[PDB]
Each structure stands twice: as structure tokens, then as C-alpha cells.
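A look at the structure
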Amino acid sequence: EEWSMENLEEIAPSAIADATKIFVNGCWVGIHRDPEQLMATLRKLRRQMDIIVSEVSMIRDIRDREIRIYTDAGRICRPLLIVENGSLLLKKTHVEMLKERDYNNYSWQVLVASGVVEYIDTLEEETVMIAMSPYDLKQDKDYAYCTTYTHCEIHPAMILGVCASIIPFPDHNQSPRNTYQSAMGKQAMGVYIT
Amino acid sequence: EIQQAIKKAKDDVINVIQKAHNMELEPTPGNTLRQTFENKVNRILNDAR
Amino acid sequence: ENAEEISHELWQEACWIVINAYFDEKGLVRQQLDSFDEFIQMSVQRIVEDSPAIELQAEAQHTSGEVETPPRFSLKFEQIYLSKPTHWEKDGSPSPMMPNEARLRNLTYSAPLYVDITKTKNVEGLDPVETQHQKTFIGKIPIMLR
Amino acid sequence: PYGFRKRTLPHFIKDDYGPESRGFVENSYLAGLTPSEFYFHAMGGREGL
Amino acid sequence: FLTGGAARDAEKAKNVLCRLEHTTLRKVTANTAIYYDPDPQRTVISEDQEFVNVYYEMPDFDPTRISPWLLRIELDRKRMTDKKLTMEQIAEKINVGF
Amino acid sequence: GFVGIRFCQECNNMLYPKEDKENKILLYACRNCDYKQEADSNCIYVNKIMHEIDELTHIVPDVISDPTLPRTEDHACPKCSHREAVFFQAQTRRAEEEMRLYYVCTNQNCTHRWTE
Amino acid sequence: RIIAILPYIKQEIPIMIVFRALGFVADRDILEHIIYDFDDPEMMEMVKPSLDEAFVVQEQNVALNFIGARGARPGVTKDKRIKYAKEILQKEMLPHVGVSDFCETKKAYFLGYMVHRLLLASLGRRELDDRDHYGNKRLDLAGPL
Ligand SMILES: [Zn+2]
Ligand SMILES: [Zn+2]
């Protein structure tokens, strides 16, 4: 409300058809007439942890002219690297900083607070483009599948669980066999605790 | 030979998508355009396999 | 500026270093501990702050000489203090409850909860007086480990 | 099916009917599956159970 | 199953298909509209004006007694062709249904 | 032609069609009120079974800033001759039976929407 | 035709009586609350039968008496039912947008948005929601439980 937003109680009902509605936790609060610049400002505010924490999900429904902001509990998120202008925001400098958190102090929270990793939830995934690998970013534009990437997977093997990630080469097996091993990994025998 | 056959089948299904987008795919009687397109794609991929 | 770009084998090493950092900080059961800490602090404070106050009025309608202005009481709960998990024995001596002591003795790994109570005594025609009952024990809440 | 808005997975593009986004697995079990087609094969194998 | 010339010719089998399939007014027309028409011989639609005076030149009823409200139904030509229907059948069906 | 609806100028209610026979005129009149006015057009209910959507008007020109949408660099803009365009299929109920592409010019000053 | 199913009311209520019960007697104001663009033909065609059905009710207290007569354990002599109708329209209809006083404008905005979404999905301009789409799901952990 301090940035540029017009509240619902202070507008005429005939001035809504051009603007973009804003929903905060499912409550319609008002409208805004520059949704792309506001969405970029909100992403910049979330990536610095200034006002908005990294937990908050923000969605820009482009074709329906909506902005939905969700802050409640129960939402499930995945960390993803940030891609802008066809390049990763993670550099070799951050890898050396992680080698010196293996020495001292550049923890994962500092990495998220630096603005290179965002928590994208399962509702924001409909509005973002996720690269499978950095190999997809370097393709020439003559045969490029996409040129506007917004995120990149850290590793695809993180889509598995706990009992399913003990399987050696699960991409060479049939899927019900992987399900059977995830069922039988809980029934194995070993040193359960020290 | 197997990889070349799979690549040729993928080029065939890309050409089928292109002719469907260019309004050149005549639907068969008894089913609509989506059903005809899905039948052609499934037939191409199953024949390739 | 291209020296900062991560090469391919450096990308596999770098991404597994990033995953190692994530699992070094967060761990594997972070959602349980985070939800419990949120529950304890904010949920218990919001329950004891959003609960309606007790409103009272005496009704001595079965006896003669009934006063037209009966005395009234009000009770308010405002603050929550949570201690460490502590066990009181049969003689009443407190002791720190270890999780292994709770497992071996079939006890409940719980911590007592204390609440501040404000009791306002009001008489029609007199100034109401406030009484503070601090650290009032109301029950033990179980504590999730780690 | 398009579980997302006109996308099977967020790594593909909207309104993609090509065989990679549709779910055709061009790799054998010896070669190993790409992650998108691994997830597609997981959805395919769940239906039998 | 079919017998005779319907069994071997696709046109008579299509005639059997048209005689069996439920074809309402939903499946055959383009659009509907309701007009107010004060003068039937001077109707607001100019494209109707070429032939409506043909129908009222030798009318079976008094044009003064009729109501001014008009229901204009434009039909799709391709759906008429596919169902092999004609307008005299539609007029006869209207006259026996109402 | 297609006609909209009209509102009263005295109580902002629903104006209904009505007919007078002394002048033999259609009038848009008010039932909760006493207002009446002359009708400019002559239709009162137009229904179209297969209805020709101008879905080029229905698609929002804000979709050029969509990373999830495809891009092409061969179909030039018919208005401003921009090479880059964004193509997608329709979202309606009749147009998934057509396999028809829809193109939006990616220029922020032009935003032309067309179909090839 | 469009109806509304209310908490603690076993009957079916048209939405126009509900909108008049929130303090909007005119039709242009309610169609402003639902149809954001007046240039759209088909949504104006779709909003007609609710307007035609709820023509008898034209005043706010008449709408509140319409609401209160259909609730469980109905009151007597109108006005208490009207009071009961307020207890449905302030504490039961949409508590997430507000339960305080003078919140009928935002509640009318949200109800018009719901009717706008229903009419958008009737004309096929937006996709239908999916039950098993996991974006529409939340996980109750140890905290909320
Ligand atoms: Zn009026
Ligand atoms: Zn252009």
C-alpha cells in the first residue's frame, strides 16, 4: 500500500477492467496498473530478505491479470538457482566461498541471502521456466529450445526421496521395481542406531 | 540404425505437428481433429518402437 | 568476466558442493523442528492472547436479601513461560528429565507451562482491584526431540 | 496430461506437443533415462499398481 | 447391418445414418435472433426484403393479424449438406410440431 | 450485429424491451421505475451456437513478458515488421478443435495480435 | 441461473438477493461488482436470468428477510430474522475477508469476483480447477495440528 497500490475501498468499480488484481493469502486487497514492474520489485525484495522473507510465494497470473501472494503454512518449496540473461547467478566465487565454509562461515543461509537461490513452491512453478542443466543455457539460438530461462535445477537426482535414493542407477530400472525397493528398504536389517 | 530410426520418427512427428498447425491435417471420419492428431502421433511412435 | 563462469566438471563438483551445504545447514527433519518451534512460541502466545476473558457475575437468586449489585470478577491470561523438560518425583523433588530416562522409565518427555493470570475484582460503587497470579501451572506439553 | 498450464513439466514450453514433452522415451534401459522421461515412466508405471 | 443397395453403396448407408442419428436444431443452425418487425413487407433486414415480399404476395393469412415480433434463424449450409436436409422438411416439421 | 444491455438513468435498474401500439415503436422501458427511451437497434436477444470469437481481442497483450511461452523469429509482424513473435494455442472451448496457432508481436510499442 | 449456497442455510438463494442484502439496491452497481468490463457481450447475456428471477426483491431489509426466512430454526416477526441474516452475512459469509462491521464492500467485491470466475469458466475463457493439482494443497505438520 505504500509502493503504488490502490485499495479496494478507495476506487470506483468501473476502473478495475484494465488493472491487475492483488490477492494476499486469498484476500483481494486492491489493484495495480504496472504489474510487471511491481513483480520485479517484489522479486528483488524477496531475494535480498529485506522485508519479504524467502518463504513467501508470489505468482503473476499474466493472462488472467492477477497477482497472488501466499504466506501461510503448509506450502512446499524447492530451492532453485537463479538464471537471468541466459547465465547462472552462481559463480566460481561462491564455490570457493563454500570451500571456506568448509573452513569457517559462508553457510547456505548466506548463499540464499546473496540472491542466487530461491525457494520456488509448487504454485510458482506454473509461471517460471526451469533449466534441467547449465548445458541447456549455452545452446545457440538457431536450435535453442528456449532462450528465456528463469531458473535452473541444482541436480535432478534431488527429485527422489530417502529410501528411493539408495538405489544404484534408478534410471536404468523399471519404475515398479524402484517402488518395490522403496517399500523393502524400510524392511532391511542393519545397525539402526548407534 | 536404431538411433537413426528414432530420429527419423521424431522428425516425422514434428512434421505432423507442423502440418496440423498449418491447417493441412484432414480429420478422419468418426473422430475430431485432436483424436486424429493423437492417433497419428501414437501410431508413429508405436511403429518406431 | 568469463573466468567466473563455471565449466562442466566444475559444475558437477559445484552443484554437489551446493547440495552438501544445503544438507549441512538444514538437515533432514527440519520441517518437524521448525513447525514445532513456530507452534510453541507464536501459536501458544496467540492462543493465550486471542482467548476471550472470563466474565463473571454472581446470581444468588435462591436466598433472601439479594443485593441488587452483585460483585463481579474478571480473569485474563496474557503471558506464557515454558521451562525445560522437568520431572517431579513422588516426594515432589524436581529433576531434569533426560530423553533416555523418559524412554527407560516409560515417562513422557514434556515441559510444564506457566501462565500469568490477572484477576480483577469489581464492585458497583467501589474501585476494582487487580491481583497478579504469576507462573500459574496449567499442564505439561510434550517436547519434540532436537 | 498437462498437469501444469499447458505444460507436462516446467522445463518444457507451453503448447508443446513434441515427443519429449508428450512422454516418448527415446532411450533404452541400458542407456538410461533422462529425468523428464524418468518421471514420465514413473507416471506410466504407477498406473499398473 | 444393412441389406440391398445400402450394404454396398456409401450414399444409401449415409442416408441410413442420417435416418438413425438424432439431429436436432442444435446440430444444424448457425445462429438465432429475435427482432421487432413493425412492417413485414418493409422489414429491417434488407437482405430479407428481396424475398419476403415474395411470400406475402399470395399469403395464406392476413398480414395485419400477425404479431410484429420476429424470430430469425440463420442455418449453416454445410450442416444442411451433411444431414442431407432441405427447408421444406424443416417447415413441415415446424408446422406439425406447433 | 449484436446488442448489449441498457440501464435506467433514474434508478440504475435493468431496462426491458416494451412495445407501444399508438406509435407502434419498441421502447426500452423501466419496470421498477418510470423511465423509457427509444431503442437505437432492433435486436433484443441474439444467440450464436457456433459463435465467431475474436479471440485476438480476448488474449491479453501482456503475455509478451512470459518466459513460459514459445518464441519464433521467422513470422514477421504484419504491422511493425518485427521479426520476433510469441505463438500459443487458444484457451477457449471451441478452439481446441482447430490446432490453430496465435501470434503476438513482442514489441512493447506495437503488440499486434494476428493469426497465420 | 446462478444461486448461492450459504453456511447454516439448507435452502438455495439467488446471488442477486444476497448482493442486495449487502447494501446494493441498484443493478448497475452489482453488475459493476461482477462484470469488470461493460464491453463484454456474452457475460451480459449470462447475467440476465438471475436479474429476471430476483426482480421482486428490491430493498435491503426485504433481502435480509428473504435470507432469514430460510435459515435453520427461523425467527418470528421479520426483524430478528433480519438480525439473524446479519449474523450470516458478517460471521459466516467469508470470514477471511473480514468479520468486523462495515466490511460489506470488500465482501461484495469478493463475491463479485467469485461470480466473475464462475462466468469465466462457463464461457470457457479459463480452465477448470483440478482437485489433485498439488498447488491447491497444504500440509498440516506438527505445528497447526
Ligand atoms: Zn428506472
Ligand atoms: Zn509489431
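Residues numbered from 1 in each chain as written, not as in the entry; some residues may be left out. Chains lettered and ligands numbered in written order. Part of a larger assembly, values for the part shown. Heavy atoms only, no water. Residues with missing side-chain atoms left out of burial classes, pairs and counts.

Together, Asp140(A), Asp142(A), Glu73(F), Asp74(F) and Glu116(F) give the surface a local cluster of negative charge. Residue classification places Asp142(A) among the exposed residues on the basis of a relative accessible area of 75%. (Patch = residues over 30% accessible without salt bridge, like charges linked within 9 Å, V, L, I, M, F, W, Y side chains within 5 Å. Areas by Shrake-Rupley, 256 points an atom, 1.4 Å probe, with all protein chains shown as cover. Salt bridge = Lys/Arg side-chain N within 4 Å of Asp/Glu carboxyl O. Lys, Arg positive; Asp, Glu negative; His and termini not counted. Charge placed at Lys NZ, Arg CZ, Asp CG, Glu CD. Buried < 20%, exposed > 50% of the residue type's maximum accessible area, 1.4 Å probe, protein only.)

Right, let's get into the side chain of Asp66(F). Its place among the elements puts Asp66(F) in the loop between α1 (55-58) and β5 (71-72). Polar side-chain contacts of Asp66(F) include one of 2.8 Å to the side chain of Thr68(F). Ignoring any residue separated from it by four or fewer positions in sequence, one finds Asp66(F) in contact with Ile62(A), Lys14(D) and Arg71(F). (Helix = DSSP H or I, 4+ residues; strand = E, 2+ residues; numbered from the N terminus. Polar contact = N/O pair within 3.5 Å; in protein donor to acceptor, adjacent residues only side chain to side chain. Contact = heavy atoms within 4.5 Å.)

Listed per partner, the contact involves 21 residues of chain D and 27 residues of chain A. Together chain D and chain A conceal approximately 2000 Å² of surface at their shared face, both sides included; 59% is due to carbon and sulfur atoms. Three residues, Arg5(D), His11(D) and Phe38(D), lead the burial of chain D against chain A; their summed loss comes to 32% of the area buried on that side. Between chain D and chain A we count two salt bridges in total. In this structure, the salt-bridge partner of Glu126(A) is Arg5(D), at a minimum N-O distance of 3.4 Å. On the surface where chain D and chain A come into contact, there are 13 residue pairs in polar contact. Across the side of chain D that touches chain A, the residue classes break down as 13 nonpolar, five polar and three charged. (Buried area = accessible area lost by both parts, 1.4 Å probe. Nonpolar A, V, L, I, M, F, W, Y, C, P; charged D, E, K, R; others polar.)

Turning our attention to the coordination of the zinc ion (ligand 1). Residue and element names in this part refer to chain F. Coordination of the zinc ion (ligand 1) by the protein involves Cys8 (SG), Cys11 (SG), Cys30 (SG) and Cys33 (SG), with metal-donor separations of 2.3 Å. Here the zinc ion (ligand 1) is ringed by four donor atoms whose angles at the metal span 104 to 122°, and the overall shape comes out tetrahedral. Given a relative accessible area of 0%, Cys8 falls into the buried group. Judged by relative accessible area, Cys11 falls into the partly exposed class, the value being 24%. (Donors = N, O, S within 2.8 Å, 3.2 Å for Na, K, Ca; no water. Tetrahedral: all angles 85-135°; square planar, octahedral: opposite > 155°, others 65-115°.)

If you look at the interface, chain B gives six residues, while chain F gives seven residues. Here chain B packs against chain F, burying approximately 790 Å² in sum over the two surfaces, 53% of which is carbon and sulfur. If you sort the residues of chain B by the area they bury against chain F, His21(B), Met23(B) and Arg34(B) come out on top, with a joint share of 69%. Along the contact surface separating chain B from chain F lie zero salt bridges.

Looking now at the packing of helix α5 (residues 60-68) of chain G against helix α6 (residues 79-91) of chain G. Residue and element names in this part refer to chain G. Axis separation between α5 and α6 bottoms out at 8 Å; the angle between their running directions is 80°. In terms of axis orientation, α5 runs roughly perpendicular to α6. Where α5 approaches α6, its residues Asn61, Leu64, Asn65, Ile67 and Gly68 are matched on the opposing element by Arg81, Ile82, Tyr84, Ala85 and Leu89. For the contact of α5 with α6, a count of residues per class yields six nonpolar, three polar and one charged. (Axes fitted to C-alpha atoms, helices over the stretch in contact; angles between N-to-C directions. Parallel < 35°, antiparallel > 145°, perpendicular 65-115°, else oblique.)

This part covers unusual backbone geometry. Positive phi, normally seen in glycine, also occurs at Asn25(A), with a value near 55°. If you trace the backbone, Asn25(A) turns up in the loop between β2 (20-24) and β3 (27-32).

With 53 residues, the main nonpolar core has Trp28(A), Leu6(G), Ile15(G), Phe19(G), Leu31(G) and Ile35(G) as its most contacted residues. Of all the secondary-structure elements, those providing two or more residues to this core are β3 of chain A together with α1 (15-21), α2 (27-34), α3 (41-46), α5, α6 and α7 (104-122) of chain G. At seven residues, the largest contribution of residues to this core is made by α7(G). (Core = buried A, V, L, I, M, F, W, Y, C linked by side-chain atoms within 4.5 Å.)

With 14 residues, helix α2 (residues 35-48) of chain D extends 21 Å from end C-alpha to end C-alpha; this agrees with the ideal 20 Å at 1.5 Å per step. Of all the positions in α2(D), only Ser36(D), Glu37(D), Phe38(D), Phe40(D), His41(D) and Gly45(D) are classed as buried. Check the buried side of α2(D) and you find it contacts α4 (175-184) of chain A together with α1 (19-22) of chain D. (Expected span 1.5 Å × (residues − 1).)

Turning next to the sheet that holds strand β1 (residues 54-55) of chain C. Residue and element names in this part refer to chain C. The antiparallel open sheet is built from four strands, whose spatial order is β1-β2-β5-β6. Both edges of this open sheet fall to β1 and β6 (129-142), since each of them pairs with a single strand only. Where helix α2 (residues 30-50) meets the sheet, its contacts fall on β2 (72-82), β5 (110-122) and β6, and the angle it forms with β2 comes to roughly 165°. (Pairing = 2+ DSSP bridges.)

Let us look at the sheet that holds β5(F). All names here are of chain F. Read from one edge to the other, the open sheet built from four strands follows the order β5-β6-β7-β8, with strand pairing classed as antiparallel. Unpaired on one side and paired on the other, β5 and β8 (113-114) mark the two borders of the sheet. Bridging between strand β7 (residues 102-105) and β8 involves two bridges; their strand directions are antiparallel. Considered in β8, the bridge of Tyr103 is made with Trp114.

A separate point is the packing of aromatic side chains. Counted according to the given criterion, the structure contains 20 aromatic pairs over all chains. Three or more aromatic residues joined by ring pairs form one cluster here, namely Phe23(A), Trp28(A), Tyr36(G), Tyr109(G), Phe110(G) and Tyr113(G). Sitting over the face of the ring of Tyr70(A), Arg138(G) holds its NZ or CZ atom 5.3 Å from the ring centroid. (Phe/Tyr/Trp six-rings, centres within 6.5 Å; stacked < 30°, edge-to-face > 60°. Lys NZ or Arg CZ within 6 Å of the ring centre and 35° of its normal.)

It is worth spelling out the coordination of the zinc ion (ligand 2) at this point. Coordination angles at a metal have ideal targets, namely 109.5 degrees for four tetrahedral donors and 90 or 180 degrees for six octahedral donors. All names here are of chain F. All of the protein donors around the zinc ion (ligand 2) are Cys77 (SG), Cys80 (SG), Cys105 (SG) and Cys110 (SG); their distances to the metal are 2.3 Å. Around the zinc ion (ligand 2) sit four donor atoms, and with donor-metal-donor angles ranging over 104 to 113° the site reads as tetrahedral. Considered as a linear motif, the donors of the zinc ion (ligand 2) on their single chain read C-x2-C-x24-C-x4-C. Taken together, the residues span a long stretch of sequence, with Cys80 in the loop between β5 and β6 (85-88) and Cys105 in strand β7 at a distance of 25 residues. For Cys80, a relative accessible area of 30% puts it in the partly exposed group.

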